[PDB]
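Residue numbers (PDB author numbering), protein chains in the order written: chain B, 6 to 339; chain A, 6 to 339; chain C, 6 to 339; chain D, 6 to 339.
Yeah, the Cβ is synthetic: ideal placement off N, Cα and C, and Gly gets one too.
There are 4 protein chains.
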Amino acid sequence: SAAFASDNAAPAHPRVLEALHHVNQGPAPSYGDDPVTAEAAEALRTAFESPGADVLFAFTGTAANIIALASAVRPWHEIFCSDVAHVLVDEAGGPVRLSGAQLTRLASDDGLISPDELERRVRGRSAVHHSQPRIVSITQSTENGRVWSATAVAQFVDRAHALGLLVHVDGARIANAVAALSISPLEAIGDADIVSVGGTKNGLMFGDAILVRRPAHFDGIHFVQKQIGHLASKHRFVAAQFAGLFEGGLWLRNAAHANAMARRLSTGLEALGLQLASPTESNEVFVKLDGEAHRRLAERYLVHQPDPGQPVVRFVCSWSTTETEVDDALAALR
Amino acid sequence: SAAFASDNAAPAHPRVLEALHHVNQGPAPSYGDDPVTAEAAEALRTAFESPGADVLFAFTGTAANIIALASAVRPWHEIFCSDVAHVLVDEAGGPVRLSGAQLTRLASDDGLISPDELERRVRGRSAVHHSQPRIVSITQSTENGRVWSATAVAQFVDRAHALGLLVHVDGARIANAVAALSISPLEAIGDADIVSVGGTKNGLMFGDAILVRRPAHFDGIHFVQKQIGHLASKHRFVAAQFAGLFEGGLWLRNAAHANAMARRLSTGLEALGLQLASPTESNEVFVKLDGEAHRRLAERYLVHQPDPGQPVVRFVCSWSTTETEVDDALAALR
Amino acid sequence: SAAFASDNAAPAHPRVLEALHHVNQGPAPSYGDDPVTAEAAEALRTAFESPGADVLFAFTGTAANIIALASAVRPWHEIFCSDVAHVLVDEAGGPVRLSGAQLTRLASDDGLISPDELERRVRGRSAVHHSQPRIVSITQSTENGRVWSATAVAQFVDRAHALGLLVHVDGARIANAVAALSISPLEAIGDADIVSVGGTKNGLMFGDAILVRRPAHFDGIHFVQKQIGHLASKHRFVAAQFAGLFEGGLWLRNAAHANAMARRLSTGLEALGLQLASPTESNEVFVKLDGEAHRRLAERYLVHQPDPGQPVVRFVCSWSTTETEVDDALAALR
Amino acid sequence: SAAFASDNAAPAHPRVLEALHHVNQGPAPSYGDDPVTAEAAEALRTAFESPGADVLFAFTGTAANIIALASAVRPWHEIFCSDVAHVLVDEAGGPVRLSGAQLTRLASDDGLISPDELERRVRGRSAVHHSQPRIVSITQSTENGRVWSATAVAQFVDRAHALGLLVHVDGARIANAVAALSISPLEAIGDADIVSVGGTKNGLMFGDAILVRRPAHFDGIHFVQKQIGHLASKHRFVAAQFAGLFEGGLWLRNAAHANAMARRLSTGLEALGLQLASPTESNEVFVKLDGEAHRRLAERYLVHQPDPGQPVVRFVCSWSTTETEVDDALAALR
């Protein structure tokens, strides 16, 4: 079963399909010049309290990240990210291929990067022989299931800005961080210049948006989107998914349920005597499992081992995860 | 009204939305490792009588073309296309950016390229100082609304193959060519090596497939797809659309209706005394209209002028175009 | 014999070797941070009466062209050139690979492009779906041995600027144009924004400079130079070559001699009854030769056939070409 | 004074100028189709006891590295290097920009990488979502002035080969490693697949070669060289430099002298009570200096500080360094 393989193993929320049906009549001008796209863009700007932002819509989170970062840099610039960042490990090098720029990893505590580590790797890089530090990407919630605190994300973004850098937030799971912290979306991303806003993992069929809070720094981003095939002609159907998910606060209720199920699973794993590899602050559970328990669990449940050198497996819960599924996975581990 | 702006102005066929609902239950392994993807791939292999083909699915036709062409070449190779090709004029240079290779236009008659024109531009290019001819892209039906005959597409592909070149077919509107010619899909592509198979324009919500008839020549195509963000995690939803549209020949009924409405419009405007710029062989009608007549028509219908140096406007008919819409367009053109 | 293969088949001028010896003592700060580089940069600025220009030095004419054009554009821009341009046909697509941008050929008369042809191919290209016209490259003297007149080059540059475009001049053979026209270097380039200044073909050992007349439009050009390996550590030796060749106008005397030998050859060929393919306005002679005569000439002289479909061969004369070599070639053609 | 800024601050050896003069007569076929290029290539193959190798010549060491690595990979592959590698820190990201591939740093001891560290970072990287490990670059002697022992380089290359990876050696200072170890050049590179062979730093004017020991793995390398402007038309002059430097062991005498001066300087610094940051095994001396002493030395000697966060400065000795220069630097530090 793929019930815990990823939150992208989940189906789509019925309200998303309903939104697709609602816009499925009559002709519509293509490529985003339609009222549904305008409505969805305004919904995202309002949610993040960023009335001056531009909003683009891509089909995957990989695409959202590549478009944001490649529009931020020239090839002789330098991009920074954590040592567990999706852009670094799970996009087959897409960001580097499109940007032409080096992607420099930073030591992190489960994705949480110290401002001092960034400062150390940016210092003294002004010669023509050096890639030029330009933008740092962080992830919220992180790829190891942690959440940046309101204070920590504000301090990191402010410190990066003081160094003359831009900040990108990979919010493929931003809804899970917002629900976990009970703060505003804007507080959860901390004055970032650009944000990949995840939809796919939170109940869409597909779709990951780009909130460009400071458009002056990303000139040409719409051309970059076009050049990699992510400007949809039938754009009403990507936009309608976001409208349906954000209608009435549904997106944060979806993420809160995913988080609650992850908490149930994590508590159950600890009750079995197992050790968490990372604290369950979001909708992802990382647990230490020996080889045979892993292979026995794998006969019933598909789970990811993010690091081949560490006996740690990952469970991910979604908007559609049930208490019965959690308890059945735990029974499988016993 | 956008009723004739493009076939991508049309909504999605009801069977497509039904297919989305049918696969929207339970968790599913992601990134194409699911039975619906396997079913859709087999539907495409069967339609094109290509049992040895691999099948990939991208979100747009631009993406399909970029993935096919960039996977065929190294940066020092040379790609050829017609002087009206979508890859040349309407993808913001995406194919060139991703492949790293020069894209060389060939003189054509409404997209129909002579084999001799290709051969002339391929001759004598073997020195280290020259981009190395590798693949030619043709479009079926063409961007100017013409269809390559079965004989013509076979001679062109045969000439390219005799010269050692690969052939890509941009079949964004392959269903319209097949319906117009009443030949098999394989006959309509003439032994080509790779084909972008259009879905969006023929009634899907999103989705354009890549039929790789000779996989040995496109090593790494799956990495190219991943690197530009076109490997969907919830792949069951792109696949379900293709399975539904190809079930029982629906795709060709959609295209036949679009072609028939184009016939009604084309013959009707000729009856008005207006003149065609190109023969209506598919679902696109190109009509000579001066600037003032165009501005008067633009008050009721959005239509594109593909060439700013030519007083020619384009109407496109779709699976959902009605006789009432065609006749109202004729009343506006009168 | 390679006497007429190219002007880059010639040796290096004695003054160039003397200049290399002159700077070959003691340690010197690297990467251009030395007085010889400053002296050479000033010599080039003075020759082209461009006191506000920046000057870079690269190792080949291909490199000079790539650095200039790639620094001018983003990947979604569009570069224009003539249908015989070196950047198009003889750099294995280097400019396209490094810039990421489409290179669009323009019909020309032996490299001389009409302003109207540029204007036609730039019109109406403002949509997100289109590569964005940015810079046109012309060649002076052209790859077919013609010279842009002072009036023609000024008018072409003025039209390109009125269209919002930049202009690059590939002056791999700028010295020959200047000597042929008896005008100033600045008049021969017509207020262009960036110029590749040829040294190699006019008697250097290696070296081709970039005169950046409007640096604001080429931000990052020094990083582009560094990134492709064309920032010499021992920069005193590239600079010394240029200083020696330009001292006292030697560069123009070298080119005038090359042009005079080309005229001797061209008129002698016409006296033999042969027909020129292009008028000999510079140091290159293009002559029609049947297959029979060509395969003979090839046993005694290496000559280039630029177009495989046309019975045309090219002779190139250099600063070191002698009247005896010219007359012996003419005697071989009897 | 630039006496210790770098070995590329040194002038050119007299034998190099003699070689340039010797080949400077008559016309010569261009782009490497001359006997001097053949002679130089044979000299390099003989020095490295690699009769099956192909040999290319570029103008800089940055270019040599970029051409070797970019020809080894497709964009979805992964390149590895040490955390102090020139390709990583001092080429403005050129290798990444050309290859399109991620460049992954490995923890090292002054550039000496443990085989286990490579193996750890290569493990489990087979999914479509991952950059695909392909080639590791090591440097000999290293950027921190250390030499790989014969045993260590052989074990590292064998370990890499068993993992299915290629090995590139940046031998910008290979002559210094060979002289320090008193082993053969081939033993000093340990069966590597491709080697950048430094000439510039060992007394040439310009020029750094590529020894392609296994050409089957670098298909298209000559096109890559052409595309970044590093195929010299007047190729006889780069080839003549290499032939002159390698005749009769001159290159190793130059390197042995540079190493001897580095030893004099290093022993002198230790005698002053100063502390080395790295052991002086080659021609580079890395010494800890507090701010006061560094500021006084910088008024008198130009020296590099490789890490802005460490109070460590670098002296480099060359073929032309004299005992007087070393002793005066030591006296200045007093």
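Flag residue i as yes if its beta-carbon sits less than 8 Å from any beta-carbon of chain A, otherwise no.
i: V94/C; result: yes
i: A97/C; result: yes
i: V217/C; result: no
i: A24/B; result: no
i: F211/B; result: yes
i: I71/B; result: yes
i: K293/B; result: no
Pull up the DSSP beta-bridge partners for residue i, would you.
i: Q107/C; result: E83/C
i: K239/D; result: For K239/D, which the question treats as bridged, DSSP gives no partner whatsoever.
i: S142/B; result: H173/B
i: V318/C; result: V292/C
i: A214/D; result: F62/D and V202/D
i: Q137/C; result: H82/C
i: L117/A; result: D114/A
Does chain D have any CB closer than 8 Å to the CB of residue i?
i: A106/B; result: yes
i: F228/A; result: yes
i: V101/B; result: yes
i: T205/C; result: yes
Here's a check: name, in chain order, each residue in its chain whose Cβ is nearer than 7 Å to the Cβ of residue i, leaving out the five neighbours to either side.
i: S11/A; result: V321
i: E192/A; result: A155
i: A263/A; result: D12, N181, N288, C322, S323, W324 and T326
i: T67/A; result: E96 and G99
i: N149/A; result: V89, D115, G116, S283 and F291
In chain C, which residues lie less than 7 Å from residue i when you measure between Cβ atoms?
i: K231/B; result: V133 and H134
i: residue 1/D; result: Because chain D in this structure spans residues 6 to 339, residue 1/D falls outside the shown range and cannot be described.
Which residues in chain B sit within 7 Å of residue i, going by Cβ to Cβ distance?
i: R79/C; result: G225
i: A8/A; result: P32
So with CB distances below 8 Å, who are the chain C contacts of residue i?
i: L307/D; result: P34
Which residues bound the alpha helix (DSSP H) around residue i?
i: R269/D; result: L255 to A276
i: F161/A; result: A155 to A167
i: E23/B; result: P19 to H27
i: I194/A; result: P190 to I194
i: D121/A; result: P120 to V127
i: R50/D; result: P40 to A52
i: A337/D; result: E328 to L338
Take residue i and list the residues in its own chain whose beta-carbon comes closer than 8 Å to its own, dropping the five residues that flank it on each side.
i: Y36/A; result: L236, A237, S238 and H240
i: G234/A; result: none
By Cβ distance, which residues of its chain are closer than 6 Å to residue i, with the 5 residues on each side in sequence left out?
i: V229/B; result: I72, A75 and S76
i: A69/A; result: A63, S201, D213 and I215
i: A45/D; result: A244, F247 and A248
i: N259/C; result: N207, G208 and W324
Quick one: list the residues of chain C neighbouring residue i, beta-carbon separation under 9 Å, in chain order.
i: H235/D; result: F64, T65, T67, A68, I233, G234 and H235
For a contact meaning CB atoms closer than 9 Å, what does residue i contact in chain A?
i: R178/C; result: Near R178/C there are no residues of chain A at all, since even the closest Cβ is about 17 Å away, more than 9 Å.
Starting from residue i, trace the beta strand (DSSP E) in both directions and tell me its first and last residue.
i: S201/C; result: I199 to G203
Is any beta-carbon of chain C found at less than 8 Å from that of residue i?
i: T156/D; result: no
i: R125/A; result: yes
Which bits of chain D does residue i rub up against, with CB to CB less than 7 Å?
i: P313/B; result: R128 and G129
i: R319/B; result: The premise fails here: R319/B is roughly 14 Å from chain D at the closest Cβ pair, so nothing lies under 7 Å.
Using a Cβ cut-off of 8 Å (strictly closer), state whether residue i contacts chain B.
i: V141/D; result: no
Does at least one heavy atom of the ligand SAH sit under 7 Å from the Cβ of residue i?
i: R128/D; result: The ligand SAH is not part of the structure shown, which contains no ligands of any sort.
List the residues of chain D whose Cβ lies closer than 8 Å to the Cβ of residue i, in chain order.
i: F242/C; result: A17, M210 and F211
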